[PDB]
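Novice: Please find run-v1.pdb (PDB, C-alpha atoms) on the next line:
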```
ATOM      1  CA  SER A   1      82.441 134.242 104.612
ATOM      2  CA  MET A   2      81.387 137.637 106.043
ATOM      3  CA  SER A   3      79.599 137.082 109.401
ATOM      4  CA  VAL A   4      79.755 133.237 108.739
ATOM      5  CA  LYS A   5      82.286 131.365 110.786
ATOM      6  CA  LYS A   6      83.063 127.769 111.656
ATOM      7  CA  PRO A   7      83.177 127.144 115.410
ATOM      8  CA  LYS A   8      86.402 128.628 117.042
ATOM      9  CA  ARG A   9      89.092 125.856 117.546
ATOM     10  CA  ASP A  10      90.996 126.676 120.760
ATOM     11  CA  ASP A  11      94.496 127.765 119.614
ATOM     12  CA  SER A  12      95.563 129.303 122.961
ATOM     13  CA  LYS A  13      97.947 126.436 123.834
ATOM     14  CA  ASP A  14      99.485 126.050 120.302
ATOM     15  CA  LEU A  15     102.632 128.112 121.158
ATOM     16  CA  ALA A  16     103.431 126.057 124.206
ATOM     17  CA  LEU A  17     102.673 122.809 122.495
ATOM     18  CA  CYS A  18     104.883 123.620 119.363
ATOM     19  CA  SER A  19     107.645 124.530 121.898
ATOM     20  CA  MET A  20     107.283 121.114 123.504
ATOM     21  CA  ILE A  21     107.475 119.321 120.191
ATOM     22  CA  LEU A  22     110.544 121.340 119.194
ATOM     23  CA  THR A  23     112.203 120.443 122.571
ATOM     24  CA  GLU A  24     111.650 116.789 121.824
ATOM     25  CA  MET A  25     113.117 117.204 118.291
ATOM     26  CA  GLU A  26     116.139 119.069 119.811
ATOM     27  CA  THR A  27     116.910 116.283 122.281
ATOM     28  CA  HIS A  28     116.544 113.375 119.838
ATOM     29  CA  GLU A  29     119.881 111.604 119.336
ATOM     30  CA  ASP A  30     119.571 112.024 115.535
ATOM     31  CA  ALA A  31     119.016 115.819 115.728
ATOM     32  CA  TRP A  32     122.760 116.687 115.338
ATOM     33  CA  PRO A  33     122.614 117.494 111.569
ATOM     34  CA  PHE A  34     119.740 119.955 112.224
ATOM     35  CA  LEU A  35     120.652 121.787 115.457
ATOM     36  CA  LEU A  36     122.432 124.701 113.875
ATOM     37  CA  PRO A  37     122.440 126.399 110.483
ATOM     38  CA  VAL A  38     124.609 124.743 107.798
ATOM     39  CA  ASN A  39     127.859 126.739 107.574
ATOM     40  CA  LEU A  40     127.572 128.364 104.144
ATOM     41  CA  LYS A  41     131.249 129.299 104.110
ATOM     42  CA  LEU A  42     132.325 125.737 104.774
ATOM     43  CA  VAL A  43     129.929 123.580 102.781
ATOM     44  CA  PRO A  44     130.340 123.799  99.043
ATOM     45  CA  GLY A  45     127.155 123.953  97.032
ATOM     46  CA  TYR A  46     124.825 124.688  99.960
ATOM     47  CA  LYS A  47     124.307 128.321  99.487
ATOM     48  CA  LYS A  48     123.438 128.040  95.773
ATOM     49  CA  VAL A  49     121.407 124.908  95.902
ATOM     50  CA  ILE A  50     119.286 125.333  99.119
ATOM     51  CA  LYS A  51     117.283 128.398  98.515
ATOM     52  CA  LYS A  52     115.729 128.570 102.002
ATOM     53  CA  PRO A  53     118.061 127.109 104.725
ATOM     54  CA  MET A  54     116.287 126.142 107.950
ATOM     55  CA  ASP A  55     117.454 124.480 111.192
ATOM     56  CA  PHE A  56     116.117 123.839 114.743
ATOM     57  CA  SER A  57     117.904 126.802 116.346
ATOM     58  CA  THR A  58     116.421 129.193 113.748
ATOM     59  CA  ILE A  59     112.918 127.721 114.322
ATOM     60  CA  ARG A  60     113.476 128.110 118.104
ATOM     61  CA  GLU A  61     114.351 131.774 117.692
ATOM     62  CA  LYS A  62     111.393 132.437 115.339
ATOM     63  CA  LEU A  63     109.060 130.623 117.800
ATOM     64  CA  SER A  64     110.328 132.566 120.802
ATOM     65  CA  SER A  65     109.955 135.966 119.060
ATOM     66  CA  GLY A  66     106.416 135.592 117.652
ATOM     67  CA  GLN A  67     107.416 135.113 114.091
ATOM     68  CA  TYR A  68     105.040 132.142 113.514
ATOM     69  CA  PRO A  69     101.490 133.442 112.870
ATOM     70  CA  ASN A  70      99.955 130.029 113.358
ATOM     71  CA  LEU A  71     100.807 126.345 113.998
ATOM     72  CA  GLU A  72     100.854 125.599 110.177
ATOM     73  CA  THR A  73     103.680 128.018 109.470
ATOM     74  CA  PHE A  74     105.654 126.282 112.301
ATOM     75  CA  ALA A  75     105.112 122.849 110.651
ATOM     76  CA  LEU A  76     106.150 124.243 107.226
ATOM     77  CA  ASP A  77     109.587 125.314 108.646
ATOM     78  CA  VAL A  78     110.086 121.953 110.437
ATOM     79  CA  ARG A  79     109.322 120.102 107.143
ATOM     80  CA  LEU A  80     111.649 122.518 105.277
ATOM     81  CA  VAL A  81     114.515 121.274 107.463
ATOM     82  CA  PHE A  82     113.808 117.715 106.211
ATOM     83  CA  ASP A  83     113.145 118.643 102.655
ATOM     84  CA  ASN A  84     116.451 120.502 102.542
ATOM     85  CA  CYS A  85     118.197 117.503 104.000
ATOM     86  CA  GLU A  86     116.745 115.170 101.314
ATOM     87  CA  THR A  87     117.715 117.687  98.570
ATOM     88  CA  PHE A  88     121.410 117.677  99.607
ATOM     89  CA  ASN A  89     122.102 114.295 101.148
ATOM     90  CA  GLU A  90     121.984 110.761  99.814
ATOM     91  CA  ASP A  91     119.346 108.516 101.500
ATOM     92  CA  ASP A  92     122.112 105.996 102.248
ATOM     93  CA  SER A  93     124.231 108.357 104.443
ATOM     94  CA  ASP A  94     124.188 109.007 108.167
ATOM     95  CA  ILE A  95     122.662 112.477 107.593
ATOM     96  CA  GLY A  96     120.155 111.231 104.937
ATOM     97  CA  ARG A  97     118.988 108.525 107.440
ATOM     98  CA  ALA A  98     118.840 111.055 110.273
ATOM     99  CA  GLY A  99     116.508 113.236 108.210
ATOM    100  CA  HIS A 100     114.102 110.457 107.457
ATOM    101  CA  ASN A 101     114.081 109.359 111.094
ATOM    102  CA  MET A 102     113.469 112.903 112.392
ATOM    103  CA  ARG A 103     110.692 113.575 109.841
ATOM    104  CA  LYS A 104     108.880 110.428 111.046
ATOM    105  CA  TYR A 105     109.349 111.351 114.646
ATOM    106  CA  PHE A 106     107.973 114.846 113.963
ATOM    107  CA  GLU A 107     104.926 113.762 111.914
ATOM    108  CA  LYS A 108     103.808 111.394 114.680
ATOM    109  CA  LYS A 109     104.110 113.967 117.416
ATOM    110  CA  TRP A 110     102.302 116.449 115.184
ATOM    111  CA  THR A 111      99.299 114.114 114.538
ATOM    112  CA  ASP A 112      99.121 113.032 118.188
ATOM    113  CA  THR A 113      99.270 116.547 119.632
ATOM    114  CA  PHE A 114      96.866 118.263 117.162
ATOM    115  CA  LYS A 115      94.888 115.729 114.919
TER
END
```
Represent the structure of the file as structure tokens.
Specialist:
Amino acid sequence: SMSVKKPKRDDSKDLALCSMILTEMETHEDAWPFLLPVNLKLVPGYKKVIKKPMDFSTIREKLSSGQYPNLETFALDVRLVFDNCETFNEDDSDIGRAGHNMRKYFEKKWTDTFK
């Protein structure tokens, strides 16, 4: 509350560390569905169904331009990529499998870097 604060967690390295995580997600062999925005002209249904499209290149640009206020808003966009994927793709598809794999990979790196 006013003039009553928990001890200050050091957040000075968060930007660099989210960047490192994102590099690792970018270079994963199963990243290919997620590297670029879904082409809304070429994929029927996407535009109407997926209300907030998100992809790795868009997160990279937001990260690089100070559009994440804190590490939680960064994680929300990463998870949005996977939540979008599960909304549009069958589990038993190459893309559906990719999304599950990448979500796992991310959640581990997230816990190990920060929790």
Novice: So which residues get picked by the PyMOL selection byres ((chain A and resi 33) around 10) here, written as a PDB file with C-alpha atoms, in the frame of the given file?
Specialist:
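Ended up saving to expr.pdb:
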```pdb
ATOM      1  CA  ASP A  30     119.571 112.024 115.535  1.00  0.00           C
ATOM      2  CA  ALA A  31     119.016 115.819 115.728  1.00  0.00           C
ATOM      3  CA  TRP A  32     122.760 116.687 115.338  1.00  0.00           C
ATOM      4  CA  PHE A  34     119.740 119.955 112.224  1.00  0.00           C
ATOM      5  CA  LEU A  35     120.652 121.787 115.457  1.00  0.00           C
ATOM      6  CA  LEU A  36     122.432 124.701 113.875  1.00  0.00           C
ATOM      7  CA  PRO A  37     122.440 126.399 110.483  1.00  0.00           C
ATOM      8  CA  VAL A  38     124.609 124.743 107.798  1.00  0.00           C
ATOM      9  CA  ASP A  55     117.454 124.480 111.192  1.00  0.00           C
ATOM     10  CA  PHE A  56     116.117 123.839 114.743  1.00  0.00           C
ATOM     11  CA  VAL A  81     114.515 121.274 107.463  1.00  0.00           C
ATOM     12  CA  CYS A  85     118.197 117.503 104.000  1.00  0.00           C
ATOM     13  CA  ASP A  94     124.188 109.007 108.167  1.00  0.00           C
ATOM     14  CA  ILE A  95     122.662 112.477 107.593  1.00  0.00           C
ATOM     15  CA  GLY A  96     120.155 111.231 104.937  1.00  0.00           C
ATOM     16  CA  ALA A  98     118.840 111.055 110.273  1.00  0.00           C
ATOM     17  CA  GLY A  99     116.508 113.236 108.210  1.00  0.00           C
TER      18      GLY A  99
END
```
Novice: Report, in Å to a single decimal, how far apart atom CA of residue 41 of chain A and atom CA of residue 75 of chain A are.
Specialist: 27.7 Å
Novice: To one decimal place in Å, what is the distance between atom CA of residue 54 of chain A and atom CA of residue 80 of chain A?
Specialist: 6.5 Å
Novice: Excluding residue 60 of chain A and any residue of its chain fewer than 3 positions from it, enumerate the residues within 10 Å of it, using all atoms listed in the file, and give them as a PDB file with C-alpha atoms, keeping the file's coordinate frame.
Specialist:
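Wrote part.pdb, looks like this:
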```pdb
ATOM      1  CA  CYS A  18     104.883 123.620 119.363  1.00  0.00           C
ATOM      2  CA  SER A  19     107.645 124.530 121.898  1.00  0.00           C
ATOM      3  CA  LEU A  22     110.544 121.340 119.194  1.00  0.00           C
ATOM      4  CA  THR A  23     112.203 120.443 122.571  1.00  0.00           C
ATOM      5  CA  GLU A  26     116.139 119.069 119.811  1.00  0.00           C
ATOM      6  CA  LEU A  35     120.652 121.787 115.457  1.00  0.00           C
ATOM      7  CA  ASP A  55     117.454 124.480 111.192  1.00  0.00           C
ATOM      8  CA  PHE A  56     116.117 123.839 114.743  1.00  0.00           C
ATOM      9  CA  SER A  57     117.904 126.802 116.346  1.00  0.00           C
ATOM     10  CA  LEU A  63     109.060 130.623 117.800  1.00  0.00           C
ATOM     11  CA  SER A  64     110.328 132.566 120.802  1.00  0.00           C
ATOM     12  CA  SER A  65     109.955 135.966 119.060  1.00  0.00           C
ATOM     13  CA  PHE A  74     105.654 126.282 112.301  1.00  0.00           C
TER      14      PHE A  74
END
```
Novice: Suppose you want the space between atom CA of residue 79 of chain A and atom CA of residue 115 of chain A; what is it in Å?
Specialist: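 Between atom CA of residue 79 of chain A and atom CA of residue 115 of chain A the gap is 17.0 Å.
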Novice: A:7, A:15, A:25, A:104: which is nearest residue 62 of chain A, counting only C-alpha atoms?
Specialist: A:15
Novice: Can you work out which one of A:72, A:77, A:10, A:86 has the shortest atom-to-atom distance to residue 58 of chain A, counting all atoms listed in the file?
Specialist: A:77
Novice: Give the centre and edge lengths of an axis-aligned box, in Å to one decimal, that holds all listed atoms of segment 104-112 of chain A with 3 Å on each side, as AutoDock Vina command-line options.
Specialist:
```
--center_x 104.2 --center_y 113.4 --center_z 114.6 --size_x 16.2 --size_y 12.0 --size_z 13.1
```
Novice: Write out as a VMD selection string the residues lying within 8 Å of residue 82 of chain A, counting only C-alpha atoms and excluding same-chain residues fewer than 6 positions away.
Specialist: chain A and resid 99 to 100 102 to 103
Novice: Any chance you can output those residues with C-alpha atoms as a JSON list (two decimals), in the coordinates of the input?
Specialist:
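Output contents, as saved in selection.json:
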```
[["chain", "number", "residue", "atom", "x", "y", "z"],
["A", 99, "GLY", "CA", 116.51, 113.24, 108.21],
["A", 100, "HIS", "CA", 114.10, 110.46, 107.46],
["A", 102, "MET", "CA", 113.47, 112.90, 112.39],
["A", 103, "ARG", "CA", 110.69, 113.58, 109.84]]
```
Novice: Select, from A:114, A:45, A:50, A:101, the residue with the minimum atom-to-atom distance to residue 87 of chain A, counting all atoms listed in the file.
Specialist: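 Going through A:114, A:45, A:50, A:101 one by one, the smallest distance to residue 87 of chain A is for A:50.
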Novice: What lies within 12 Å of residue 113 of chain A using all atoms listed in the file, ignoring chain neighbours under 6 positions off, as a list in words?
Specialist: residues 13, 14, 16, 17, 18, 19, 20, 21, 71, 106 and 107 of chain A
Novice: The selected residues should be written to file as a PDB file, in the coordinates of the input (atoms: C-alpha atoms).
Specialist:
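Result file result.pdb:
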```
ATOM      1  CA  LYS A  13      97.947 126.436 123.834  1.00  0.00           C
ATOM      2  CA  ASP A  14      99.485 126.050 120.302  1.00  0.00           C
ATOM      3  CA  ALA A  16     103.431 126.057 124.206  1.00  0.00           C
ATOM      4  CA  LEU A  17     102.673 122.809 122.495  1.00  0.00           C
ATOM      5  CA  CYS A  18     104.883 123.620 119.363  1.00  0.00           C
ATOM      6  CA  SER A  19     107.645 124.530 121.898  1.00  0.00           C
ATOM      7  CA  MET A  20     107.283 121.114 123.504  1.00  0.00           C
ATOM      8  CA  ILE A  21     107.475 119.321 120.191  1.00  0.00           C
ATOM      9  CA  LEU A  71     100.807 126.345 113.998  1.00  0.00           C
ATOM     10  CA  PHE A 106     107.973 114.846 113.963  1.00  0.00           C
ATOM     11  CA  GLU A 107     104.926 113.762 111.914  1.00  0.00           C
TER      12      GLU A 107
END
```
Novice: Using only C-alpha atoms, find the one residue out of A:46, A:105, A:112, A:73 that sits nearest to residue 88 of chain A.
Specialist: A:46
Novice: Ranking A:111, A:93, A:1, A:84 by minimum distance to residue 47 of chain A and counting only C-alpha atoms, which one comes first?
Specialist: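 Closest to residue 47 of chain A of all the choices is A:84.
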Novice: Between A:12, A:83, A:68, A:29, which residue has the minimum interatomic distance to residue 51 of chain A, considering all atoms listed in the file?
Specialist: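 Nearest candidate to residue 51 of chain A out of A:12, A:83, A:68, A:29: A:83.
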